[PDB]
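# A structural walkthrough
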Protein chains: 2
Amino acid sequence: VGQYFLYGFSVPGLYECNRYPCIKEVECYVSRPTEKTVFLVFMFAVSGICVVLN
Amino acid sequence: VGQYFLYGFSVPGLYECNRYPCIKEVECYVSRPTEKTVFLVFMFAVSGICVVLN
Ligand SMILES: CC(C)CCC[C@@H](C)[C@H]1CC[C@H]2[C@@H]3CC=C4C[C@@H](OC(=O)CCC(=O)O)CC[C@]4(C)[C@H]3CC[C@]12C
Ligand SMILES: CC(C)CCC[C@@H](C)[C@H]1CC[C@H]2[C@@H]3CC=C4C[C@@H](OC(=O)CCC(=O)O)CC[C@]4(C)[C@H]3CC[C@]12C
Ligand SMILES: CCCCCCCCCCCCO[C@@H]1O[C@H](CO)[C@@H](O[C@H]2O[C@H](CO)[C@@H](O)[C@H](O)[C@H]2O)[C@H](O)[C@H]1O
Ligand SMILES: CCCCCCCCCCCCO[C@@H]1O[C@H](CO)[C@@H](O[C@H]2O[C@H](CO)[C@@H](O)[C@H](O)[C@H]2O)[C@H](O)[C@H]1O
């Protein structure tokens with residue numbers, strides 16, 4: 001449940017952030033999103049299989 | 001009238017712009033605003049004196 005609520009399914013390649021150091025909203029880029037989301041989906045499937053067995 | 005409507009009185013030292021090349025709104029800085037606005041005010045005063053004489 002925590003993994004589902006925290007990370008989700010897909011990893012956004014493009015992010016928009018606006019904190020104190022940055023004067024206005026800025027656009028940052030993430031590296032290798034596809035591999036991260038694929039492996040996250042695989043981990044979620046493995047956890048679901050383990051839950052079903054339990 | 002054209003000078004009053006176009007430029008105004010004060011020259012903003014800080015500008016906020018958002019055009020097609022710039023993804024989001026960005027903050028640009030102007031150099032020597034005080035001298036520009038002072039000389040513009042002097043030119044406006046000279047034009048007003050000339051208008052009064054005319
Ligand atoms: C032992 C058995 C029951 C395991 C079954 C595994 C499922 C819990 C997993 C396997 C594949 C997963 C799917 C793979 C791909 C996607 C697309 C994905 O779409 C997006 O990321 C874009 C849309 C959105 O933001 O939801 C939404 C989740 C979903 C349906 C996943 C939902 C969860 C699924 C069905
Ligand atoms: C022959 C005689 C009638 C000439 C008179 C000259 C005036 C037309 C000029 C001289 C000084 C000028 C002033 C000098 C400084 C300012 C402050 C200036 O304030 C700002 O820039 C911030 C506020 C705003 O945005 O209006 C507004 C215009 C004003 C009153 C100017 C209005 C026009 C004035 C009165
Ligand atoms: C052992 C048990 C552990 C229990 C753990 C419970 C953790 C709870 C975390 C609460 C977090 C609240 O803040 C939560 O942040 C996440 C991610 O940061 C946001 O999540 C959002 O962005 C992430 C990526 O950043 C996307 O993958 C997701 O789909 C989207 O919803 C949630 O919208 C927000 O609700
Ligand atoms: C010989 C006669 C010539 C007649 C000339 C008539 C020119 C008319 C120009 C119309 C322009 C309309 O666009 C006009 O742009 C100016 C400046 O770009 C804006 O002006 C705004 O920004 C400028 C600085 O950039 C400030 O100094 C000004 O106080 C503020 O109002 C006006 O808010 C907008 O109305």
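Residues numbered from 1 in each chain as written, not as in the entry; some residues may be left out. Chains lettered and ligands numbered in written order. Part of a larger assembly, values for the part shown. Heavy atoms only, no water.

Neighbouring ligand 2 are the residues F9(B), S10(B) and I49(B). In isolation ligand 2 offers 750 Å² of accessible surface; the protein chains occlude 31% of this area. (Near = heavy atom within 4 Å. Areas by Shrake-Rupley, 256 points an atom, 1.4 Å probe, with all protein chains shown as cover.)

With that out of the way, let us pick up the interface of chain B and chain A. The extent of an interface is frequently quoted as the accessible surface area lost upon association of the parts. Contacts between chain B and chain A engage five residues on the former and five residues on the latter. Each partner contributes to the roughly 450 Å² buried at the junction of chain B and chain A, and carbon and sulfur atoms together form 52% of this total. Interface area lost by chain B to chain A is led by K24(B), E25(B) and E27(B), which between them contribute 78%. There are zero salt bridges connecting chain B and chain A. At the junction of chain B and chain A, the tally comes to zero residue pairs in polar contact. (Contact = heavy atoms within 4.5 Å. Buried area = accessible area lost by both parts, 1.4 Å probe. Salt bridge = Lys/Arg side-chain N within 4 Å of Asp/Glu carboxyl O. Polar contact = N/O pair within 3.5 Å; in protein donor to acceptor, adjacent residues only side chain to side chain.)

Here we come to the relation of the copies chain B and chain A. Between chain B and chain A, which share one sequence, the superposing operator has a rotation angle of 180° and an axial displacement of 0.0 Å; the RMSD is 0.0 Å. Taken together, the rotation angle and the small translation identify this as a two-fold axis. For chain B, the smallest separation between a C-alpha atom and the rotation axis is recorded for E25(B), amounting to 4.0 Å. The residues that chain B uses at the interface reappear at the interface of chain A in 100% of cases, marking a shared surface. (Least-squares fit on C-alpha atoms.)

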